[PDB]
Structure formats: C-alpha cells, structure tokens
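**Student:**
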Amino acid sequence: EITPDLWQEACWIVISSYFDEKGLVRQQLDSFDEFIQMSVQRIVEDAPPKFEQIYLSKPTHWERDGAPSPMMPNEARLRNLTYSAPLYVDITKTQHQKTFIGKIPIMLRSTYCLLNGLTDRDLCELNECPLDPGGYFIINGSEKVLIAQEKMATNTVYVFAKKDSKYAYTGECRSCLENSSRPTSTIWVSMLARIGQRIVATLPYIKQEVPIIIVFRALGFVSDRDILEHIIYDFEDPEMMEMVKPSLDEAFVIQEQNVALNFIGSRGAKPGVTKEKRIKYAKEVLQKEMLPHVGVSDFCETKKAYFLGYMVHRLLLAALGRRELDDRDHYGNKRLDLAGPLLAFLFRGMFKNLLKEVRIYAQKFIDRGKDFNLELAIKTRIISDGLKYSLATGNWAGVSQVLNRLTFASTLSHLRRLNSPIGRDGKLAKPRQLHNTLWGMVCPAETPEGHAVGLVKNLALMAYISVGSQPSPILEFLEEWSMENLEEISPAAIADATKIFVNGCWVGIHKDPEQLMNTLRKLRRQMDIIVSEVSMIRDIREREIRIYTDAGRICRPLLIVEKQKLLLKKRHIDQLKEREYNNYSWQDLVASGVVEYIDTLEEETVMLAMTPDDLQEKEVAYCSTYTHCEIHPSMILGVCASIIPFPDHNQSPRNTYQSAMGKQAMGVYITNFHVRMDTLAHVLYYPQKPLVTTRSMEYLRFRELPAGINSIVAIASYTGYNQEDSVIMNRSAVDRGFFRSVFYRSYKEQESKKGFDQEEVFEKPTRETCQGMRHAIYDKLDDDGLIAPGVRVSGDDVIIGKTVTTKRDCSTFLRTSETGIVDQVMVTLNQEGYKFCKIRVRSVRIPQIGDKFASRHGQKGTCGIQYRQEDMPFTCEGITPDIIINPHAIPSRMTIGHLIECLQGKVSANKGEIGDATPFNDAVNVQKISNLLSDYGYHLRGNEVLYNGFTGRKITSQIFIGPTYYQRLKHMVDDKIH
Amino acid sequence: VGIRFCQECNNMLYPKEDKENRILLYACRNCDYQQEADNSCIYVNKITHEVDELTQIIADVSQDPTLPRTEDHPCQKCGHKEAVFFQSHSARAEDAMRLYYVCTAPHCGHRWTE
Amino acid sequence: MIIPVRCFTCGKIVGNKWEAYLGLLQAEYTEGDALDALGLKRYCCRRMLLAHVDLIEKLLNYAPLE
Ligand SMILES: [Zn+2]
Ligand SMILES: [Zn+2]
Ligand SMILES: [Zn+2]
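Residue numbers (the deposited numbering), protein chains in the order written: chain B, 16 to 64, 87 to 130, 142 to 242, 252 to 453, 464 to 872, 888 to 1060; chain I, 12 to 125; chain J, 1 to 66.
So this is what it looks like as structure tokens:
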C-alpha cells in the first residue's frame, strides 16, 4: 500500500540505501573500473599489427634485489612509491605469454586495489582508514585526484547562430567513433548571411568551404531530387524548398560525382597534381574524416548522405525559425571525462608509441636479417612513465590535483569536483552562471570565489556520472522491434515517421514511437536489454527518439510516478528497513522498476513532482500527468553545502561562502593520521558533532570526523573587540581545551649518492671531522644525523644532519620557527634504494587573538580579545558565552539560519536530542522550535537576561544566546609570525 | 513558389521565356526538357509572412506530460472535453503570446487557436 | 578524540560521565534522561556529552608501534 505520512522516513530509508551501496566516490571508482576492465583491452585489440589479451596483477613492488612482493597503499605513501599494478599482454609472431609492457597506477579501493573487499578490521590491520573513500592515485607518494573535465557532447548536431562573421546560422557536429581511435572531427554546415543565402559545408582536411550540394554529389547522389529527398523530407513544404534553391545553383556546374570529388580534393591539405590523385584524396577524406561516427567503410555513403542531409535540414529548421537554437550551457549537451576516459585517452598514445618503437627496433634487426627478439624490443617505460608523468604532473593542465586532506568534507568534496573549461567553448557561452539544468546534478551553492567562480563545480549528492555502455544490444532490439533501417526505406516514408538516433548516429525510423517508448522504458525498468544508465529522450514535436549509451552523461535517481501514484509502495520500505540480513539493497529497488536514473536531457521530457504528499494529491489541478518524483529535494546540494543547517533561510552568497569555509575548518581529517606523514596536518583536540544537523550528514560521515565544536554564542556588543567580524573568546574555555589544535609537519630528505663523488650522507656534522659551513646549532641530532622523536625543536634548529662531500653541509632546518616537538622519525629506502627519512614534528595551537573562526552560516572573523570567565557576561545560571559575536553582522547577511541554529541548538541541548536542520522540512518552523524552548523554562525566542561580568549589573536589553556550531578555520596567526 | 523537377534527369527546372508565343517555360539545363508553366510567377518574397501555426503543430504533442491540459475548451470536431494548450515559441511569431489547443482525444488531434 | 574533562563553558567535570552515559543509553534511557541521571543540568554541560564523538575508540584499532 501507499506511504501517506510515513513519507519523511520512507524518503530517507531510500536515500540511506543509496549511499550504503554506492558511496560518494562511486563515479571515480566506476570510471576507473571501466577503464581497466574494458578500455585497456579494446585498446590493445584495436592496434594494427600481434597482441592477444591483457592481464593485470595486483599492485606489486620489486626491490633492488628483485622479488614480487605486494605493496600496501600505506607503504606506497610512506616510501614515495607509485601504487601501480603490472600489465601483461600476450603477443604472437612463436607465441609469447604475459609479456610485461608497463605499470598502471591503481585508483585506491577500486576493483584492482589490495583494499577492495577488505572489512573494516582488515582495513585497520593495514593501517588504512575505513572511512577513507578511495578514488585517488598514490603517485610518488602523493595522492592525486583526477578532476572530472567537462566538455561538449560529441555526435550531436548543434545549431548556433554566428553573431556576425559571414554565416547567419551554423550547425556543427563533433563526430567520434565508438572506440575513440582517432580524435573527434568537427564538421560545420553554415548558411551565409545577406540569388540567396547559400549553404556551405566546412569539412575537415579542407581549407575552403564547399557548397553543400557538391558534398552531396561527391557522395554519389548526382541528381537533384535525390539530394532534396535527403534534406527535405516533405516536398509539399514550399517554404523550406526555396531556402535550398539558392544552393542547388552554386553547384549547378557540377553534375557528376567525379568532377565533384575533384572540386573537393582541389581544396585539400595536399593538392596533388593528378586529377585521379586529387579524386582519391577527396574520396578518402569523405570516407574517413567526414562524420566518422556514421561509419568508416566503403558503403557508409547513403548513411553519411542521410546524416548530412539531417544536419542541413536542421540548419534550415533553425533558419526558418522552426526550432530553437541550441543552448551551449545546457547540460544535456555536455559530457564529463572522468578517470576512465582521461586515462584511456592517455593510454592510446602510449600504446601507440609502444607499437611504434617495437617496430622501429625489430625492423633494424630483421632487415639486418638476424632475428628480432620482441621481448627486449619492448620499452615498458613508455607506458609506465607516460601514465605516471601525466598523472603526477597534471599536464594531460589542472587535471590531477593533489588530494585535499584538510578535513573529511574537503576530501570528499575534492573527489566529486567538476571543471568547466574556459577554452574556446568558454569564450562563446556563459559558463560561470548557474544554468537551470544543473538542478539536482550540480550543487548550486558550492563554487569557488574570485577568478574561478562558477568554473569549478561539485556534484549534487545523488548525482551519478554514467560510465559508458555498448549500443549493440539496443541496436539489435530496435531492429527486432520493427524499426526500418536507413537503407530499406524510401525518403517518402521518412516524412511522418520518427527518426531514431542511437548515440548520435541516425539509425532508423519508426512509425509508432509511442509504443516504442513504452517498450524501451519497460525494458530499462527491468534491466533486461537496456542497462539502467541508458538515456531515452523523445522529442515529440521534433519527431525523434534519441537513445544514449555514452559515457559522461550525469544523471540522478528519481521515483517513478505511474499516472499519479508512486510505485514505491510500503513493502519496498519495509524490505529496505531490514537492509541487513535481507539482501534488499538499492539495486533491488532499481531492478524493481520503482526508481529510475534520469539524465539532463531525458529530464526535459519528464514532469517531476517535489513531494508525493503534496504534488500528486487531488486539488485545483496544476499538473495531473506527473511522471517522476523527487526522493528528497535536498539531494540537490553538494557535500559541503549539506553541512549548512537551514540553508533555505540563508541568502545564497552565504551558502556559497560557507561551502568554501567548510573546506578550511580543522577537525579530524582521517582516522589514521597517526601513520600518515603528510606535510601540514591540522587535528582538533575535541571535535564535536553538531547539535543541529542535516540528515544528509549521516552519509558524509560528519558525525565521525567532525570539524568544529558547539560553542555557546552570545550575539551582543560587549566591549567593542567584536567590531566587524571579530569575536570575543572565553579565555577560560580556551584554557579548558576549547578549539585547541595540533599541527603536524613532515620533512623528508634522502641520502642520494648521485655522482661518483659528492655523495650526500646523513651524519652528525657539528664539530666531528672535515667540517664546512656548519651554521647555528647541531646538537640534538643523534649520531646517525637524525633527530630523535620526543625532543623539542625550536626556530632555526637542525632536523636532519646531511653533508654533501672537505664536506659541505646541506642539513635540514625547521621551516623558519614554530617550536614543535619531534613526533615521528621514519627511516626507509626510496625506489632507488637510497636511504630516505621522513620526520614529523608536532606543534600545539591554542586559539589566539589572530585566529579565525567561522560559523556554518558563512562569515568568518578573527578573535578580537579573550576575556577570562569572570569577565564574561554571565546568565543567572552562570553560563558565560564561549564566543561573543557582533550583532551588526547578522542582518546584512540574511543568515537567519544562524539564529534558528542557535534556537534549535538550545532546544537540542536541553531536550537531549540532536535537531533536524534539513532544508525543506515543513515539519520544523521557528514557531515549533520556540514553543519547545518555552517548555524548558527559557524565553521562547532564545533571549536571556545576561549580567555584566565586570560590574555585575544586568544588561538592559536581553541578549540572544545559545549553542551554535563553530569551526576553527585553518588560517589562524601562528602561520604568519612563525 | 515551389520547385519543379525535370522528368529525365530529375534536376531542377529553371524558368525561361518563350518568345515565339511569349509564354513562360520551365526548362531543364541538363536536357532539352521544357514545360509550359501554369503559374506565371517566378519568385515570391513574403516579408510580413503571416503564418499559420495551426499547420506546424503536430497532433502528437497531445502525448506530452509536460504540457498543460484543460477542460473548459472542448474540441469542436469530436466534443472531447480535454485539450492541451501551448504557445508558438517560434522566432517569427514569438512576439505574440497566443494559445493553441490540440484536442487530446486519440484519433482526433484537432488543432485550433482561439 | 576523548571526552574532555571539564565542560568548556562552566568547568564542571564531565570527564567521568562518558562511560556512565553509554551505560545508561544501552539500558534504554533516552538521552535527555541519561543526562538528567548524571546530574548535568545546564545545557552547556549537556552538549558536552550530547555532542561528543568518541574517536579514541577508532584510533585503538590500529596496532601500536611496538
Ligand atoms: Zn532535365
Ligand atoms: Zn477532438
Ligand atoms: Zn557546563
């Protein structure tokens, strides 16, 4: 039966079950799994000779000795190794097996990591954090994240209007083959401004525009009805025909295929001398570089004619003002390249060079005539160092950034980051704005501020970037479901029938597209032939059914509403409550045809509801043909904006500011920080989970690695030291552990013997023997030249005693003063087998007059002054505030969410609960919070008679005080005075 | 206004003049095919271009979930109570905000503006 | 990581009420009753147990250095 008022808990069982299965870096991991399981193989098997199959081991390390031993990701982090698995191939000439060709970096916690199924116990026996999401590469010790680069969708015709130039309208189509053997090759089809407006086709590998009818005759459609039958599907449209009349004249001279092929080849990159050679050049340029996604063959010419006629027809529809010009910012028109596509593109080039060099080597030996010996002909470092370099460096620039490990939310928000490019496509669109189509799929709040505002984006929480598929099952089903090909039809039937595209390529026509869409949906809602991430749009007015199985279509799950009732019945919720010891997960809910994945251009044919409880209830009818439903409307927010409580009460500049400052709050950033020698870790002593918390924080693990402390905050003008954004801190609270922090820094040095002489060596320099430019102080070193853990190091004090031999000294000192304590001194050997040392020093950081603190409602302030407990304004119970903030900060920022967080936090601390600040609740007012605050004996609006701590006298106006979650921003002041 | 196509090579027939009788011919430029026209018009430019949009809208749009339905506008053809209104949204007639209705009963699809 | 001694605001020792709070929550007492049973009256002190995340219980999973 239906769920009528149990909805808000049904809503969140369905979301818990989503995040139990997927997680939050599922797009990274699914993309790398696809790469390493499908794309490496179909890359070697698309190499022209030969290499047979591909094996990939688990990440292994060989020492200077030589022995395959597994490397765990922590031993890779510490010793500065690359966490990479060897790639073996089978080559045939005899035949060889498992010929090692390179080493491929392994994304952590993906199917080929050694930490893939390990339980949380055996993740801790390897010193790995069970909450670490994985989804990054360990390359030379560094943890690298492949930012997901967004780009324009290929294979689709986009008709834009060239502002000026010489073209009134231009319809482009970036085409790329199935397995992207050769890069995309854009073709344009423009209509000149202003006989009449002639149409020209800007082909690849051709320097001049070509009349469109020339390109239709070069394909072998000599006549003139046999060129308009491909362009104008209804000849009784006299308005569209007179637009092609001016162009059937520019190509009046040329009436045969070969003179047209000559006309084209005369414009090529290499204008040959022979008419036959120019004809053959133009023949292969139209046969391989014009619309390759339609086909590359000797008979893909009546399909390229149909597709080029489609591009021309769609340019005419735009010029006639019969179809809207295409939006360059719409996200149906974009695709996100994740670690799978990026690395497969990076691996095509390196396998190409491996082939090139095995040929260049074996040729020498066998034209000499002795023998080739393939297995030393293989330079494995091609693949190895190519992948490793392009990941370690980021130059593919701005892909492959170092993973941000300041907070857990900073990390999770780095592994779900997009990147709108500001290249030529950023020059033509408005890429910095929030488009309507980002709804549910990119976070509207989370963006950087300054020079990259709106260019770097973040996924919403339930947004999933599709990983890719194969259209062959769909193509066979379509043929079997009475779809006529583009060869067995007469262009007289193509008129009132429905085009059927599959991945851009026009595949057929169908005469009943309603029944076909019903069938295809019913199949995708069972995962029979169509996987769940396959998009199926129907343009009813345009008469097309577009079907996408691409990789990079961002999508999101939505409840299905048949007629006007959810299909999510009460039994699905009852079975998901028992999600353990039942094996009923998210996938048993997808596969039950009750939840769908809708992508950004399938999302324009749907009629969403926000809530079942309101939207599909009979009333004065707005819409009564709803087809989907939001699970929860707060799943439109990203990871760092799911921390903000009551974000529907702040102004969006404040949600954006906080999204940016939730990535700077200290906290505990990962559980095994005790073994991680990062440079610069910040760890709060006593983090606290928020007392007013979003329901979307149960899945961000913010109760387990929280970043901040619940302060008691008074909004009051106390002594003027909270002037604009400054705050007044309790000095006694700060003495009792409030917002104290630890700051770790690691220093590495290696004992490299690079040249013959001039060897660097670890040794206590001071006044030993053969001294050079010994500086201040060298007495805390032990005799191996390394300081020992537990000694107190001050400013300009020596850490590692290295001498580069008559010996110069190249000792390591602390980074210009901090007076920490040496925490851990690990000694090992790098890849080269040289001695290697990482030394971590620890510095406690007590909040000070300069340190910056910020609320979850987006404004940050230094600490103006710190008064002890007896100087603070107290209550008639002795509750002195922890933070006093200025009143004149609140109004100007629209953060009523800050005052509602204090009010709800007071009720939660008194009631013994933890309050719900989920955005779109409607079961949480301010009146309902006030009527509960007035039950614990407080003023219903949170005011409280405070007394003056200096003179003891009441303060004439009652001060607004209550517990608010405060964050200690990573900035502070110890980092500037040293 | 329309295109005439030859009957031998199927290329386009261009207009020419018949002197000896002074009558408008349409003649192909790849053959000696000729055809005494019936139009006596060569070219028509409609600048104001009052267009019927009741002819561009296909009845299949009555299968759109995202389109607003109605009850106080019964189809005149079949008397079906429901309809599906929408606007033009076409660069030429985007100025006005006139509503078109498409009867929503199956097999009717009768369009009408009011 | 571990329960602070001394409520931050007032200074009352909450650092010996964590195992008692856990024991009273596993004996099915609502958190508002477990906190009244430990005698934590001011909300400043009740948020010290209400909003505490015991991370030293997760750091005791990694084996020591020796
Ligand atoms: Zn002719
Ligand atoms: Zn009707
Ligand atoms: Zn207290």
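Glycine residues also receive a C-beta, built at the ideal position from the N, C-alpha and C atoms.
If the cut is a Cβ gap below 9 angstroms, which residues of chain B does I/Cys20 touch?
**Tutor:** Here the neighbours are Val279, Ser280, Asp281, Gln312.
**Student:** For ligand 3, any of its heavy atoms closer than 6 angstroms to the Cβ of J/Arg42?
**Tutor:** Yes, Cβ of J/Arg42 sits closer than 6 angstroms to a heavy atom of ligand 3.
**Student:** Measuring CA to CA, which of B/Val735, B/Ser190, B/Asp1004 is closest to B/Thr746?
**Tutor:** The option with the nearest alpha carbon to B/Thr746 is B/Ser190.
**Student:** Let me see if you follow: with CB-CB separation under 7 angstroms, is B/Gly378 close to chain I or not?
**Tutor:** Closer than 7 angstroms to some Cβ of chain I, the Cβ of B/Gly378 qualifies, so yes.
**Student:** Can you find a C-beta in chain J that's less than 7 angstroms from the C-beta of B/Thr18?
**Tutor:** It does not; no Cβ of chain J falls within 7 angstroms.
**Student:** So is the beta-carbon of J/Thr9 under 6 angstroms away from any non-hydrogen atom of ligand 3?
**Tutor:** J/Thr9: yes, Cβ under 6 angstroms from ligand 3.
**Student:** List, in chain order, every chain B residue whose beta-carbon is nearer than 7 angstroms to that of J/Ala27.
**Tutor:** In chain order: nothing, as chain B lies at least about 15 angstroms away.
**Student:** Quick one: give me the first and last residue of the beta strand (DSSP E) that B/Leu393 is part of.
**Tutor:** Segment 391-394, the beta strand (DSSP E) holding B/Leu393.
**Student:** Using a Cβ-Cβ cutoff of less than 6 angstroms, which residues in the same chain neighbour B/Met1054 once the five nearest sequence positions on both sides are dropped?
**Tutor:** Counting only Cβ-Cβ distances below 6 angstroms, and skipping sequence neighbours, we find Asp933.
**Student:** Counting along the chain, where does the beta strand (DSSP E) carrying B/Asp306 start and finish?
**Tutor:** Segment 304-307 is the alpha helix (DSSP H) holding B/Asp306; no beta strand (DSSP E) there.
**Student:** Using three-state DSSP, classify B/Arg922 as helix, strand or coil.
**Tutor:** Note: B/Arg922 maps to strand in three-state DSSP.
**Student:** Report the partner residues of B/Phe810 according to the DSSP bridge assignment.
**Tutor:** B/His749, B/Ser925.
**Student:** Please state whether DSSP places B/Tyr693 in a helix, a strand or coil.
**Tutor:** If DSSP states are grouped into helix, strand and coil, B/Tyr693 belongs with coil.
**Student:** Output yes if chain I places a C-beta closer than 7 angstroms to the C-beta of B/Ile567; else output no.
**Tutor:** Not an interface residue.
**Student:** Could you tell me the alpha carbon to alpha carbon distance between B/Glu554 and B/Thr359, rounded to whole angstroms?
**Tutor:** C-alpha separation (whole angstroms): 7 angstroms.
**Student:** The alpha helix (DSSP H) with B/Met368 in it runs from where to where?
**Tutor:** Counting along the chain, the alpha helix (DSSP H) containing B/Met368 begins and ends at 361-376.
**Student:** Measure from the alpha carbon of B/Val1027 to the alpha carbon of each residue in B/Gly1034, B/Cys958, B/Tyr1048, then state which is nearest.
**Tutor:** Residue B/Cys958 is the option with its Cα nearest to B/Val1027.
**Student:** For ligand 2, any of its heavy atoms closer than 6 angstroms to the Cβ of I/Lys92?
**Tutor:** For ligand 2, not one heavy atom lies less than 6 angstroms from the Cβ of I/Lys92.
**Student:** Count the other CB atoms, across all protein chains shown, that sit within 10 Å of the CB of B/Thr142; report buried if there are 16 or more and exposed otherwise.
**Tutor:** B/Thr142 should be labelled exposed.
**Student:** Among all the DSSP beta bridges, which residues are the ones paired with B/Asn552?
**Tutor:** DSSP lists B/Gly575 as partners of B/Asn552.
**Student:** My guess is that B/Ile982 and B/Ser990 are in contact by the Cβ rule of under 8 angstroms, so how many angstroms apart are they, rounded?
**Tutor:** In fact, because the Cβ distance is near 12 angstroms, the residues do not count as touching under 8 angstroms.
**Student:** What did DSSP end up calling B/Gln930 once you bin it into helix, strand or coil?
**Tutor:** Looking at B/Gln930 - three-state DSSP - the assignment turns out to be coil, as it is neither helix nor strand.
**Student:** Hey, could you find the ends of the beta strand (DSSP E) B/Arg608 is sitting in?
**Tutor:** First-last for B/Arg608: undefined, no H or E at that position.
**Student:** Identify which residue in B/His481, B/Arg472, B/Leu400 has its Cα closest to the Cα of residue 245 of chain B.
**Tutor:** Regarding the residue in question, residue 245 of chain B is not represented: chain B runs 242 and then 252, omitting everything in between.
**Student:** B/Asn319 and B/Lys332: beta carbons closer than 7 angstroms?
**Tutor:** Result yes, Cβ atoms of B/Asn319 and B/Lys332 sit closer than 7 angstroms.
**Student:** Mind checking the stretch 41-54 of chain I against chain B and listing, in chain order, the residues whose C-beta falls within less than 7 angstroms of any C-beta there?
**Tutor:** Listed in sequence order: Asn41.
**Student:** Which chain I residues are close to B/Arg608, counting only those with a beta carbon under 7 angstroms from its beta carbon?
**Tutor:** Going along chain I in sequence order, the residues near B/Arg608 (Cβ under 7 angstroms) are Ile69, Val72.
**Student:** So with Cβ pairs under 7 angstroms, would you call I/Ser101 a contact of chain B?
**Tutor:** With 7 angstroms as the cut-off, I/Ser101 counts as an interface residue toward chain B.
**Student:** Please report the straight-line C-alpha distance between J/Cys10 and B/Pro1045, rounded to a whole angstrom.
**Tutor:** Using only the alpha carbons, I get a separation of about 14 angstroms.
**Student:** Just to check, is the beta-carbon of I/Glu19 closer than 6 angstroms to a non-hydrogen atom of ligand 1?
**Tutor:** Yes; taking the cut-off as 6 angstroms, the Cβ of I/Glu19 has a heavy atom of ligand 1 nearer than that.
**Student:** Counting only runs that start and end within the stretch 157-195 of chain B, where is the beta strand (DSSP E) found for 3 or more residues in a row?
**Tutor:** Runs found: 185-187, 190-193.
**Student:** So for B/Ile270, helix, strand or coil by DSSP?
**Tutor:** B/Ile270 falls in the helix class under three-state DSSP.
**Student:** Should J/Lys17 be counted as a contact of ligand 3 given a C-beta to heavy atom distance under 6 angstroms?
**Tutor:** Outside the cutoff, so no.
**Student:** In whole angstroms, give me the CA-to-CA distance for B/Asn968 and B/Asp905.
**Tutor:** Straight-line Cα distance between these residues: approximately 40 angstroms.
**Student:** Rounded to whole angstroms, how far is the Cβ of B/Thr259 from the Cβ of B/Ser233, which I believe are closer than 8 angstroms?
**Tutor:** Their Cβ separation, rounded to whole angstroms, is 11 angstroms, which puts B/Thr259 and B/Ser233 out of contact at 8 angstroms.
**Student:** Can you give the Cα-Cα distance for B/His350 and B/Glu220, rounded to whole angstroms?
**Tutor:** Roughly 14 angstroms between the two C-alpha positions.
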